[PDB]
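Look below for two forms of one protein chain, each set out as structure tokens: first structure 1, then structure 2.
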Structure 1
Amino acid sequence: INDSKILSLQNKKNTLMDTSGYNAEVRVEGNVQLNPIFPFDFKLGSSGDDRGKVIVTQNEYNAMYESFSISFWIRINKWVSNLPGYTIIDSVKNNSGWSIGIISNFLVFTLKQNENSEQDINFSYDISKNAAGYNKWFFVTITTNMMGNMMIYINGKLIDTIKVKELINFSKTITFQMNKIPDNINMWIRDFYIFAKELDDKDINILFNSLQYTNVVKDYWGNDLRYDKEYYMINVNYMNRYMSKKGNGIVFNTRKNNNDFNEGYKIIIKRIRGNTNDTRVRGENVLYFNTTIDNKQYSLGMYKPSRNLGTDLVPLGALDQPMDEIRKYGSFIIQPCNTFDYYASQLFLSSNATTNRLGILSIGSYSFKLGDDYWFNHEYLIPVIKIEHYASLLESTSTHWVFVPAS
């Protein structure tokens, strides 16, 4: 409910300001970059004395702090598991207030009563699902009740709760600056809001969704997915695998460098149906995939395997196919699929480049012959389309595909 909003930090015509009506002073110092297109984020780094600093000084209010909520979008790169301690958003003055910091895989909200007494709650990201760092946009919501609980949500899901110690002096200043605690990282923020009440589960999820274009598909880091751009296409079940080729088949190989994404072939997404005013990829767009291998441009498309892999299964491969083959055998309908853990998409086989769905793109290990195979079948982990009878796979995580920018 926006009637409780008492701070609203936003980029408006390339100027950070408070749009809430309470007109807090916003000062910008040093290397702060503002994004002129959505989501209109500001960017800070950790290097230099000219490091980047946003000071928000609230105006005449702090008379409304028995319950409050803090909400914002944030992205950190490269947020590695051994990250040193950093304060990033600080509102502490004379040893009381609150603070937001990061260390290792933790983001920590600290409610500071005195120099001696101090409570914190945190979100610790799942390292097993983020081998290359948690470098994706996420939505933080912190709700505090001075006579109740102190909670943190991430992407609208509750993570950590603590009872507040019942007896605090709040600072009028909020300072966005990446300050190390006695290699270089970047930080993006947008839509930093403070509410003068304790938001509940329902309001937080309404808020969460209201700040996104739900039908704009996202890349792995949460930025808008785009046509005519090189990506690494990776399946959620097999994040430790890169795309390769054998014969006319696409095969997935195990990564040598698991702490980043720089292996295998790159795909470019090509629009067939969609909005031409921009380059963004949207749900119900129909599209196809190109990839460049040994300087020859191929396109992804179905092919007949050496043997039947299973009922209703057809493998997806890299073929030198003319546009009419792409239409019949390699056109897809994309739908966004965002989870707490990842920004992904589902891909349905298009009937002749229409929005009519014939199957779903999944993945699996199958034993058959590719390339120069002759005498024996071999196990290959391949992208595979389940035709017609794919109802059980709709909820399956094997149909969740992500796209990591390959610059």
Structure 2
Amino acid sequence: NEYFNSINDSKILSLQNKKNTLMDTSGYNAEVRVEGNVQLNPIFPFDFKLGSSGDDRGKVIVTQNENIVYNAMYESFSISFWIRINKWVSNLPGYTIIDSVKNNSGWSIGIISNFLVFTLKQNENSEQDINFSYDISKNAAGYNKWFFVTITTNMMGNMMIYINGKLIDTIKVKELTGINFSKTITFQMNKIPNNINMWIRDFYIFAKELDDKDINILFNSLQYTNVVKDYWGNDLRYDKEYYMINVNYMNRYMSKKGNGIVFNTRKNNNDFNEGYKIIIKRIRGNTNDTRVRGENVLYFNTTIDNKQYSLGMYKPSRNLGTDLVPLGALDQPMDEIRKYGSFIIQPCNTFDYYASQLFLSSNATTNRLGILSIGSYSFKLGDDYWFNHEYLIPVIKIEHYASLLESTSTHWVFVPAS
């Protein structure tokens, strides 16, 4: 993998976290001061955390050597990093998050409303900026997920912005004479005149203009692809309460009627605080460290009333369709769970979400009998006596699922109840 080596050669700043310490692994050794309350994750991804709070609030400062800035001050450069913001509402007020401006010239990354804007400044009057806007329809609860920004900028060429490898917006760099780039970059959440958290990790700057194939290599090299992720992009974990949601039905929560699990309409889309929660329990796995990974055999528990059930197949009051069998809440021992309630998880990540697919397992082995989907069907559940009713239920298609294998109706996500 030269691809990886050739890129690193142009790396002028590498803000990593080693040995529980923020430092510059570029080689050019920038100074890294950590003022205020800056929480530091000891677990991977070794991110560092900031806040918008008053008084003692987080501030990370990075100061560079003149020699290496001077080189990239007029040619070409790229900025790339992982970022996450909690409660990134659409009505959010303006904030400067990452700033590199000294005497009213430089560059600055900031966020306002549903926008993450990257501005280029020469003087207090004139400034050109490129931005990314998140899809408010797809993220009613706030864009709270981890995402990988990349900004390529050529001073006589072009100024582009990428999110998760996908080029979002691209505009022409105007004639910018007298543009002085600062030797300091400051990570701090400063509100703009007239309470959120921010996680940053792996902040790199390069001395060239990265292309699509380079960016996506970087994007992919900077994650554990086989570690399944929750809705916000953190490592999905066993023995932790999540809300299980289908990607095609984000406005439904999980409820129960009789033996059946039935999906119901959310009251609102501010939080995900609604319905019954599930807990992922491991059965089979290559590693054993609480993180859920591809090809793991697993099952789901959930505490409904003061009892605790496990998700599993059951026989409905009448046939729902060919090869189709509902998943429901059952009080069953492990021997039954292994036969009729065990799944093989496969991570399925896209630009829009961190999701996963779930395959019914044969006797808690990795051999796949079917796939977990969702659908509305008419039958009897619980007290239902006189009439059938339409229930939106989780359903397993057995044997023939090549059609569903590519459908987003089999994409499941998990939102923590923190």
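Numbers follow structure 1, counted from its first residue as 1. Here the rigid core means the biggest group of C-alpha atoms that line up within 1.5 Å when the two forms are laid on top of each other.
S.K.: Would you mind telling me which residue of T214, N82, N275, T254 shifts its Cα by 2 Å or more between the two structures when the core is superposed?
M.R.: So the residue whose C-alpha moves 2 Å or more is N275.
S.K.: Upon rigid core superposition, what is the positional shift of the Cα of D41 between the two structures, expressed in Å to one decimal?
M.R.: For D41, the alpha-carbon shift amounts to 0.4 Å.
S.K.: Please give the CA displacement of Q113 between the two structures, in Å, after core superposition.
M.R.: That residue's C-alpha sits 2.3 Å away in the other form.
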